[PDB]
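Before any questions on binding or motion, here is one chain by itself as structure tokens, the form deposited in one PDB entry.
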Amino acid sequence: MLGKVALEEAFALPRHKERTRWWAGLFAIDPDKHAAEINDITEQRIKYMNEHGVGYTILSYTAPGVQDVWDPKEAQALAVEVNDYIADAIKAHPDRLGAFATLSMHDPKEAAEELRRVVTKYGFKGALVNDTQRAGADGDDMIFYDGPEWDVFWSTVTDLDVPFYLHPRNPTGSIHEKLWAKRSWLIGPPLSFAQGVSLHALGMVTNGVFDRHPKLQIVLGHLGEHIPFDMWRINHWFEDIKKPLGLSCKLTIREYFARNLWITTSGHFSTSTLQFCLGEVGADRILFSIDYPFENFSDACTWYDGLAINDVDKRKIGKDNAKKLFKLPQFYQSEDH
């Protein structure tokens, strides 16, 4: 299928080339090719899109990104640097590339202003944030975004009417735990097995962020970070246990999934799991995505192009859902192969 859209697609800053290529060696083989790909915006990356039937991708700053930076002043500047960087690097190809805002999430009103700056001036499609914001004098605390003081940020998000993509971040736990994770081949991307996004997304639900922002759109990767697998358990926990003891979120977990959540196929090229999510989530709330360059175009689009599912859902998931959700340009698919 031609004209696909992907939106968990990462880039890094050229001035970090050496930091970046170091981390690439601890992730996958061929770190030279992956480091070059995650720095490239307009050459191989678009070549890959042409060869694999992808009309358009939305780019995001690679994790941990700004959410790893605990000094507020330094985090804000990096967000501005990154946003100005990527807006400029993609300007010539509006039919192939959009960008999500990178943000400092230290202060609710600083974050809302920077989203407004770059959405208004650059036409960014939303925000991609790598879970909680590291904070504290030496980064030992974290900032959650579901408290009442974040209402001002979510109202900016719905006012701009752009979605918010909640991407994983390497968990910051014990010394013993990180060393065990590294020695056990279980740490890092694309797996992100230790991720806290699924818990944090349930927090936004239980703390009413979607009751106060019923039009808010949050996007989850990895086909929903296993939440659809626990839909029954989560429903049971709300309706039968927690709501009876005081939990006041107005709707059911399935109603929030119908109004406020989206899942992408980032790094999850599973026909069986996708078909399972047709039941638990539905084709109308599922977005194709690759997680390039941690995943390669070929694995993602070979899989998706070959999906033996009904035509309407295959188009909705492959491109027509994102085309509307991210207000893609009409005739964007006339610039491919």
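Heads up, when I say rigid core I mean the largest set of C-alphas that superpose within 1.5 Å between the two forms. Numbers for residues come from their place in the sequence shown, where the first is 1.
* Between 200-208 and 175-183, name whichever shows the higher mean Cα B factor according to the PDB entry. => Comparing averages over the C-alpha atoms only gives 175-183.
* To do: Using only the Cα atoms and their B-factors as the entry lists them, report which of 262-270 and 165-173 averages higher.
  => On average, C-alpha B-factors are higher across 165-173.
* To do: By the entry's C-alpha temperature factors, tell me which of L26, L287, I290, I58 sits highest.
  => Highest C-alpha B-factor among the listed options: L26.
* To do: Tell me, lowest, middle or highest third: where does the Cα B factor of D40 rank within its chain?
  => It belongs to the middle third of the chain when residues are ordered by C-alpha B-factor.
* Relative to the other modelled residues in the chain, which third contains the C-alpha temperature factor of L115: lowest, middle or highest? -> Its C-alpha B-factor belongs to the middle third of this chain's values.
* Which third, lowest, middle or highest, does the CA B-factor of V312 fall in along this chain? -> As the PDB entry reports it, the C-alpha B-factor of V312 lands in the middle third of its chain.
* CA B-factor ranking of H106, expressed as a third of its chain -> Highest third - that is where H106 ends up once the chain's C-alpha B-factors are sorted.
* Asked: Against its chain's modelled residues, does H222's Cα B factor rank lowest, middle or highest third?
  -> Bottom third by C-alpha B-factor.
The form deposited in another entry exists for this protein as well; it is not shown, and the discussion that follows is about that form.
* Asked: Fitting the rigid core first, would the Cα of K178 be found 2 Å or more away between this form and the one not shown?
  -> Indeed, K178 is displaced by 2 Å or more.
* Asked: Superposing on the rigid core, do we see a C-alpha displacement of 2 Å or more at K314 between this form and the one not shown?
  -> False for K314: its C-alpha shift is below 2 Å.
* Asked: After a core superposition, would you say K17 shifts its C-alpha by at least 2 Å between this form and the one not shown?
  -> Yes.
* Distance trend in the other form - C-alpha atoms of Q195 and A63, change of 3 Å or more -> Here the pair is closer than in the other form; there, farther apart.
* To do: Specify closer or farther for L216 and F193: how their Cα atoms are spaced in the other form versus the shown form, given a shift of 3 angstroms or more.
  => They are closer; the C-alpha distance drops by 3 Å or more in the other form.
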